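Shown next as structure tokens: one chain only, the form solved without this ligand.
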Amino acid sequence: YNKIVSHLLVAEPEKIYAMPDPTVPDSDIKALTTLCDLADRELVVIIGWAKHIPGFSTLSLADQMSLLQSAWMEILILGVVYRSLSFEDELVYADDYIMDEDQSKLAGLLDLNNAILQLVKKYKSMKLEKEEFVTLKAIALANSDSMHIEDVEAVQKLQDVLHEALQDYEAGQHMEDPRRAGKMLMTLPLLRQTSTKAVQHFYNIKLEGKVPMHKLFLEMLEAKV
């Protein structure tokens, strides 16, 4: 058993709830408000969670923030994706907020959510394990490709450390497939693609001004766009 994987499992945050307003009737704006409020709260949890990634808090505060400002949506989406693995054509944003095709349509998110489901579909083929999820989440952060990084060697060392952990996991638990680690890494492009679509989508919603969004969420949107 790999030490870094094990830490990451222990570091895995607690379940968060969307908690939509029952007094407010089902609309396209309720959904988007609900989702943005949820993302805002996830963010706080991700920022805290990143500190437990071995080597991360040893980076400069500037670099820590640069990686988080680049990778947060990837991490958010990867969480949604993992929660949705044992479901069919449905996205578990939270245990109390599962959206199907009709609900995605209403919310104006069919294109985004279909892309997230593309990601789910691929991980279901591979039978993604929780050990691999958490490690990929950490790699996504370390490999976020921020333009504003100061200590490039320290960030690359963090990438190597987390990459090695994945290689060691797959070498030990998945001998039947010598290329599984690579297969996992090859899902990261789609993760990035759908993160970017989600950021641009939720930024357009900001500009339309119909949906209230909290300070932190708006701050992390500005940074990426």
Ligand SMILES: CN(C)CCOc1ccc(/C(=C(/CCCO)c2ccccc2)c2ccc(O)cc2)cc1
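Here the rigid core means the biggest group of C-alpha atoms that line up within 1.5 Å when the two forms are laid on top of each other. Residues that one form lacks are left out of the comparison. Position 1 is the first residue in the sequence shown; the rest follow in order.
Inset, instruction - Using the B-factors recorded in the PDB entry, average over the C-alpha atoms of 76-84 and of 103-111, then report which stretch comes out higher. - result: Comparing 76-84 with 103-111, the higher average CA B-factor belongs to 103-111.
Inset, instruction - Read off the CA B-factors in the entry, average them over 130-138 and over 149-157, and name the higher stretch. - result: Per the deposited B-factors, the answer is 149-157.
Legend entry - Per the PDB entry, maximal CA B factor within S27, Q167, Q193, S70: Result of the comparison over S27, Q167, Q193, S70: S27.
Inset, instruction - Classify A31 as lowest, middle or highest third according to the C-alpha B-factor given in the PDB entry, relative to its own chain. - result: It falls in the top third of the chain.
Inset, instruction - Classify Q200 as lowest, middle or highest third according to the C-alpha B-factor given in the PDB entry, relative to its own chain. - result: According to the entry, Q200 has a C-alpha B-factor in the chain's highest third.
Legend entry - Position of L91 among the chain's modelled residues by C-alpha B-factor, lowest, middle or highest third: Middle third - that is where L91 ends up once the chain's C-alpha B-factors are sorted.
The next section is about a form of this same protein that is not shown, the form solved in complex with this ligand.
Legend entry - Pocket accessibility when this ligand, as posed in the entry with it bound, is superimposed onto this form, judged at 2.4 Å from backbone or C-beta: Here the site is blocked.
Legend entry - Among 123-131, 71-79, 151-159, 138-146, the region lying within 4.5 Å of this ligand in the entry with it bound by heavy atom distance: Stretch with heavy atoms near the partner: 71-79.
Legend entry - this ligand in the entry with it bound: contacted by all of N113, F202 and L207, heavy atom 4.5 Å: Yes.
Inset, instruction - Please run the contact check for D168 against this ligand in the entry with it bound: heavy atoms, 4.5 angstroms, yes or no? - result: So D168 does not count as contacting this ligand.
Inset, instruction - State yes or no: in the entry with it bound, is some non-hydrogen atom of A50 no more than 4.5 angstroms from a non-hydrogen atom of this ligand? - result: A50: no contact with this ligand in the entry with it bound.
Inset, instruction - Please run the contact check for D63 against this ligand in the entry with it bound: heavy atoms, 4.5 angstroms, yes or no? - result: Contact with this ligand, no.
Legend entry - Touches this ligand in the entry with it bound: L67 (any heavy atom, 4.5 Å): Judged by the heavy-atom cut-off of 4.5 Å, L67 is well away from this ligand in the entry with it bound.
Inset, instruction - Would you please work out which stretches of at least three consecutive shared residues show Cα displacements of 2 Å or more throughout between the shown form and the other one, after fitting on the rigid core? - result: Run shifting 2 Å or more: just 207-223.
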